[PDB]
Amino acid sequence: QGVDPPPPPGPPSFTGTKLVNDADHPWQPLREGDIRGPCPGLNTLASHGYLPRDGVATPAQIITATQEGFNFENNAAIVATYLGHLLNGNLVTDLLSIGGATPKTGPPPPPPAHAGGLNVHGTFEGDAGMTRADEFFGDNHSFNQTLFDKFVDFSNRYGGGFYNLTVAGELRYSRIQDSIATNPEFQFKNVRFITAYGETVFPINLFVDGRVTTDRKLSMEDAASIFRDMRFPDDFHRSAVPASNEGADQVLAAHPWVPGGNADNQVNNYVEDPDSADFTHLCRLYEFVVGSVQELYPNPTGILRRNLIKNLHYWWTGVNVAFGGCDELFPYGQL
């Protein structure tokens, strides 16, 4: 009772700004069974009906929604979506939960695979987020007001009351320090190291109304609306261009940092990891995930094997462009 996975959707026909908070996409409250998770973007899209409102969707639905709702760039959408799906989705039913585990993704895969959703900590979701607390403290998915207060503080201190690139640079480093000091299991390597810098600029490039073209900066009201209430600002117009992680290099430059983590279940004991992916060694990330998938799926056969092969190729198509050329791996051979 499986599905044949379609290739990834391409870019939208129209790539300009438009009203996305419109009559066909109203904010609605959560009903019982509806799933939300650590991504404010996907949360908002589900709560406006760009995604299924229950928070379970196909990879193709996620790509279309991120493009339609926010003008997320096509390749960035492919890289993030199939990463999330390979690690956390059900490859047979072609369904991914944007939060925790649910029967809505269908019959479970064979362990060690889990199809447990974007909430699963360790390989995609990780530490030193802006509005979510590290998993060590007990909840890696819920909005956290204490962290949002720090968001506001840093915006007051560095951005005249608004979130801009200067704020992003300072906040990213401070949050890393918070975790070093307080989380003995703190990890900041591989996937998390790369995705964390991109996440800090998404509020600027995607959450700021697209009619704003000079001095792009996010108000705390708009930040609260998306990060906490999963709601587009009134009359929200998406980015006038497809966009992703522009400026992430500047965030790293403001406080140069190396992948690693706290060693030996001890705080204030951050050790570099020289084998981790970084921004000049991106193909390492590709290989780490192919390997993680091999751990989840040690001996797949049948429809599962087929869908794995397809989804792996789909992910490579995005990664190849985004990382500037990586040799494709074939852990389960070819079709």
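One-based numbering along the sequence shown.
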{"property": "261-269 versus 107-115 - greater average Cα B-factor per the deposited record", "result": "261-269"}
{"property": "Higher-B stretch (mean Cα B-factor, as the entry records it), 181-189 or 229-237", "result": "181-189"}
{"property": "Residue with maximal Cα B-factor (values as given in the PDB entry) among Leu282, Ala57, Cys39, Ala46", "result": "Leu282"}
{"property": "Residue, from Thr131, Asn71, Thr123, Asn90, that the PDB entry assigns the highest Cα B-factor", "result": "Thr123"}
{"property": "Third of chain Cα B-factors occupied by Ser13", "result": "highest"}
{"property": "B-factor third for the C-alpha atom of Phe143 within its chain", "result": "lowest"}
{"property": "Where the record places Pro274 (Cα B-factor, split into thirds across the chain)", "result": "highest"}
{"property": "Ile35 - which third its CA temperature factor falls in, relative to the rest of the chain", "result": "lowest"}
{"property": "Relative C-alpha B-factor of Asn307, binned into the chain's lowest, middle or highest third", "result": "middle"}
